[PDB]
Amino acid sequence: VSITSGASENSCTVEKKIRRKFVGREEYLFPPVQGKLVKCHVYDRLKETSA
Amino acid sequence: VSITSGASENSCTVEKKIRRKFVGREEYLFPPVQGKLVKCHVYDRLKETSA
Amino acid sequence: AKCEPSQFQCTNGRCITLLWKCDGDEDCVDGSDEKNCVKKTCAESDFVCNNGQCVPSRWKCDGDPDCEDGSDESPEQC
Ligand SMILES: [Ca+2]
Ligand SMILES: [Ca+2]
(Lines of atoms letter the chains of each structure in order from A and count residues from 1; the text may use other names and numbers.)
(Lines give C-alpha, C1' and ligand atoms only; values in the text may rest on other atoms or scores of the structure.)
(Ligands and ions follow the chains in the order given, each with its own letter.)
Protein backbone atom coordinates (compact mmCIF):
# COMPACT_ATOMS: atom_id res chain seq x y z
CA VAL A 1 0.00 0.00 0.00
CA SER A 2 1.43 3.38 -0.89
CA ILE A 3 0.58 7.04 -0.43
CA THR A 4 1.69 8.71 -3.68
CA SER A 5 0.94 12.23 -2.36
CA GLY A 6 4.52 13.39 -2.88
CA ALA A 7 4.11 15.88 -0.04
CA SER A 8 3.74 12.82 2.22
CA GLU A 9 4.81 10.08 -0.18
CA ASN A 10 5.34 6.83 1.70
CA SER A 11 4.67 3.13 1.33
CA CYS A 12 4.26 -0.06 3.33
CA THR A 13 4.73 -3.72 2.47
CA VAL A 14 4.40 -7.15 4.08
CA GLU A 15 5.45 -10.57 2.90
CA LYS A 16 2.44 -12.59 1.75
CA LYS A 17 2.18 -15.39 -0.80
CA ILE A 18 -0.78 -13.94 -2.66
CA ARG A 19 -0.62 -16.43 -5.53
CA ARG A 20 -3.14 -16.86 -8.32
CA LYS A 21 -6.07 -19.01 -7.30
CA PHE A 22 -9.01 -20.42 -9.20
CA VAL A 23 -12.28 -22.00 -8.17
CA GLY A 24 -13.25 -25.18 -9.95
CA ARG A 25 -11.10 -27.90 -11.44
CA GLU A 26 -9.16 -26.03 -14.14
CA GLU A 27 -6.53 -23.32 -14.24
CA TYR A 28 -7.50 -20.12 -16.03
CA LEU A 29 -6.24 -16.57 -16.09
CA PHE A 30 -9.65 -14.99 -16.63
CA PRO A 31 -13.10 -16.50 -16.22
CA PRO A 32 -14.27 -17.49 -19.70
CA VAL A 33 -17.54 -15.91 -20.79
CA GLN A 34 -19.15 -19.33 -21.29
CA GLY A 35 -18.90 -22.06 -18.70
CA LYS A 36 -20.46 -23.81 -15.74
CA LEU A 37 -21.77 -21.53 -12.98
CA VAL A 38 -20.13 -23.32 -10.07
CA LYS A 39 -20.34 -22.20 -6.46
CA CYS A 40 -17.53 -19.80 -5.54
CA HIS A 41 -16.79 -17.11 -2.98
CA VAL A 42 -15.71 -13.50 -3.50
CA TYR A 43 -15.32 -10.54 -1.18
CA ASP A 44 -18.51 -8.52 -1.51
CA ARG A 45 -17.66 -5.18 -3.11
CA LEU A 46 -20.39 -3.51 -1.03
CA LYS A 47 -18.55 -1.72 1.78
CA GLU A 48 -21.53 -2.15 4.11
CA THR A 49 -21.31 -5.94 4.35
CA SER A 50 -19.80 -7.24 7.58
CA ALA A 51 -17.20 -10.03 7.60
CA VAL B 1 19.04 3.46 -16.66
CA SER B 2 17.02 6.15 -18.35
CA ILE B 3 16.64 9.91 -18.59
CA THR B 4 13.01 10.95 -18.12
CA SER B 5 12.73 13.79 -20.62
CA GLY B 6 10.02 12.78 -23.09
CA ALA B 7 11.61 14.55 -26.05
CA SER B 8 15.20 14.02 -24.88
CA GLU B 9 14.29 10.62 -23.41
CA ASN B 10 16.90 7.89 -23.71
CA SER B 11 17.74 4.64 -21.97
CA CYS B 12 20.35 1.85 -21.98
CA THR B 13 20.19 -1.69 -20.49
CA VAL B 14 22.77 -4.46 -19.82
CA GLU B 15 22.22 -8.22 -19.31
CA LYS B 16 22.88 -8.33 -15.57
CA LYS B 17 21.41 -11.21 -13.55
CA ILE B 18 20.68 -9.07 -10.51
CA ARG B 19 18.80 -11.77 -8.60
CA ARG B 20 17.41 -11.02 -5.15
CA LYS B 21 20.01 -12.20 -2.66
CA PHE B 22 19.97 -12.64 1.10
CA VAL B 23 22.49 -12.70 3.92
CA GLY B 24 22.26 -15.41 6.56
CA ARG B 25 20.72 -18.80 5.93
CA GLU B 26 17.05 -17.85 5.61
CA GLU B 27 15.51 -16.39 2.51
CA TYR B 28 13.43 -13.28 3.00
CA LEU B 29 11.80 -10.61 0.94
CA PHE B 30 12.44 -8.00 3.60
CA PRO B 31 14.64 -7.91 6.67
CA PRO B 32 12.07 -8.57 9.36
CA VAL B 33 11.33 -6.41 12.38
CA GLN B 34 14.11 -8.15 14.28
CA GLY B 35 16.13 -11.32 14.61
CA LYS B 36 19.78 -12.26 14.86
CA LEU B 37 22.15 -9.44 14.02
CA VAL B 38 24.76 -10.83 11.61
CA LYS B 39 27.76 -9.49 9.75
CA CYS B 40 26.82 -8.41 6.23
CA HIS B 41 28.05 -6.07 3.53
CA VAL B 42 26.17 -3.09 2.10
CA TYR B 43 27.10 -0.51 -0.49
CA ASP B 44 27.34 2.59 1.68
CA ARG B 45 25.09 5.53 0.85
CA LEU B 46 27.84 8.14 1.27
CA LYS B 47 29.70 9.32 -1.83
CA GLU B 48 32.86 10.15 0.12
CA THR B 49 33.57 6.45 0.59
CA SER B 50 35.71 4.82 -2.08
CA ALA B 51 35.89 1.32 -3.56
CA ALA C 1 -33.17 -28.69 -10.95
CA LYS C 2 -30.39 -26.11 -11.20
CA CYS C 3 -29.94 -23.77 -14.15
CA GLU C 4 -27.73 -20.85 -15.28
CA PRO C 5 -28.46 -18.28 -12.42
CA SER C 6 -28.77 -21.16 -9.80
CA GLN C 7 -32.13 -19.66 -8.81
CA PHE C 8 -35.89 -19.56 -9.52
CA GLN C 9 -37.62 -20.24 -12.83
CA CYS C 10 -40.16 -17.74 -14.12
CA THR C 11 -43.60 -18.89 -15.27
CA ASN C 12 -42.40 -18.99 -18.89
CA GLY C 13 -40.14 -21.84 -17.81
CA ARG C 14 -36.89 -19.87 -17.93
CA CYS C 15 -34.39 -19.27 -15.08
CA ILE C 16 -33.87 -15.88 -13.36
CA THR C 17 -32.24 -14.24 -10.24
CA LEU C 18 -33.03 -11.31 -7.87
CA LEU C 19 -29.53 -9.86 -8.61
CA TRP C 20 -30.25 -9.77 -12.38
CA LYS C 21 -33.76 -8.34 -11.51
CA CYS C 22 -31.82 -5.07 -10.90
CA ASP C 23 -29.07 -5.41 -13.59
CA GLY C 24 -31.12 -2.87 -15.69
CA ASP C 25 -31.73 -5.41 -18.52
CA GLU C 26 -34.93 -7.57 -18.76
CA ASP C 27 -34.50 -11.34 -18.07
CA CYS C 28 -38.05 -12.86 -18.56
CA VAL C 29 -41.58 -12.01 -19.87
CA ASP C 30 -43.41 -12.50 -16.54
CA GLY C 31 -42.28 -10.62 -13.41
CA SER C 32 -38.55 -10.08 -12.84
CA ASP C 33 -37.00 -6.70 -13.72
CA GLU C 34 -40.03 -4.34 -13.49
CA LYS C 35 -40.75 -5.41 -9.83
CA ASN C 36 -38.99 -3.81 -6.85
CA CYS C 37 -35.29 -4.31 -6.00
CA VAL C 38 -32.48 -1.83 -5.04
CA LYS C 39 -31.35 -0.16 -8.30
CA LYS C 40 -29.04 2.38 -10.01
CA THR C 41 -32.21 3.75 -11.69
CA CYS C 42 -30.42 6.43 -13.72
CA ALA C 43 -27.24 5.63 -15.63
CA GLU C 44 -24.93 8.37 -16.89
CA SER C 45 -26.93 8.25 -20.16
CA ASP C 46 -30.20 8.93 -18.30
CA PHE C 47 -32.12 11.99 -17.11
CA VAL C 48 -34.02 12.11 -13.81
CA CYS C 49 -37.58 13.42 -13.56
CA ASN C 50 -39.01 15.26 -10.56
CA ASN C 51 -41.65 12.61 -9.85
CA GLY C 52 -38.76 10.17 -9.28
CA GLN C 53 -38.98 8.54 -12.70
CA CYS C 54 -35.81 7.91 -14.69
CA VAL C 55 -35.66 8.10 -18.48
CA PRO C 56 -33.01 7.92 -21.20
CA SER C 57 -31.65 11.46 -21.34
CA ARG C 58 -31.78 11.49 -25.16
CA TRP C 59 -35.59 11.48 -24.83
CA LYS C 60 -35.55 14.88 -23.11
CA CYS C 61 -37.10 17.59 -25.33
CA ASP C 62 -37.76 15.04 -28.08
CA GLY C 63 -41.45 16.01 -28.16
CA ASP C 64 -43.06 13.23 -26.13
CA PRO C 65 -43.72 13.16 -22.37
CA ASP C 66 -41.67 10.02 -21.78
CA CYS C 67 -41.56 10.33 -17.99
CA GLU C 68 -44.98 10.44 -16.35
CA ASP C 69 -44.44 13.87 -14.80
CA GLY C 70 -43.51 15.45 -18.15
CA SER C 71 -40.34 17.00 -16.74
CA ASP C 72 -38.52 15.86 -19.89
CA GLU C 73 -40.58 18.33 -21.96
CA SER C 74 -40.32 21.52 -19.85
CA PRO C 75 -39.32 24.72 -21.71
CA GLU C 76 -36.76 25.20 -18.90
CA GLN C 77 -34.25 23.57 -21.27
CA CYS C 78 -36.15 22.72 -24.45
CA1 LIG D 1 -31.99 -8.52 -15.69
CA1 LIG E 1 -39.41 13.12 -24.62
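Residue positions begin at 1 at the first shown residue.
Method of determination (from the header): electron microscopy, 4.0 Å.
For all residues, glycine too, the Cβ spot is worked out from N, Cα and C.
Listed features, source Swiss-Prot:
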- C:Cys3-C:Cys15: disulfide bond (DISULFID)
- C:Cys10-C:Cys28: disulfide bond (DISULFID)
- C:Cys22-C:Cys37: disulfide bond (DISULFID)
- C:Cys42-C:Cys54: disulfide bond (DISULFID)
- C:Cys49-C:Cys67: disulfide bond (DISULFID)
- C:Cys61-C:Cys78: disulfide bond (DISULFID)
- C:1-39: domain 'LDL-receptor class A 1' (DOMAIN)
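C:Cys49 (disulfide bond) and C:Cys78 (disulfide bond) are 14 Å apart (CA-CA, integer value). Distance from the CA of C:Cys67 (disulfide bond) to the CA of C:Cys54 (disulfide bond) is 7 Å. For the disulfide-bonded residues given as C:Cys22, C:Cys49, the lowest number of other CB atoms within 10 Å of the residue's CB is seen at C:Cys22.
Considering only the disulfide-bonded residues C:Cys3, C:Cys10, C:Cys61, C:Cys37 (disulfide bond) has C:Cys10 as its nearest partner by CA-CA distance. Under DSSP, the residues of the domain 'LDL-receptor class A 1' (C:1-39) split into helix, strand and coil as follows: 7 helix, 4 strand, 28 coil. For C:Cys54 (disulfide bond), the count of additional Cβ atoms within 10 Å of its Cβ stands at 15 [all protein chains shown]. Of the listed disulfide-bonded residues, namely C:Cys10, C:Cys15, the sparsest CB environment within 10 A is found at C:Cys10. The disulfide-bonded residues C:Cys3, C:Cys28, C:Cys67 differ in how many other CB atoms lie within 10 Å of their CB, and the one with the most is C:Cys67. The highest number of surrounding Cβ atoms within 10 Å, among the disulfide-bonded residues C:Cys37, C:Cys61, C:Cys78, is found at C:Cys61. Following the DSSP three-state reduction, the secondary structure of C:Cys54 (disulfide bond) is strand. The two recorded residues, C:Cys67 (disulfide bond) and C:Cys61 (disulfide bond), have Cα atoms 11 Å apart. When the Cα atoms are compared, C:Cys10 (disulfide bond) and C:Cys42 (disulfide bond) turn out to be 26 Å apart.
DSSP assigns C:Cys78 (disulfide bond) to coil, not to a helix or a strand.
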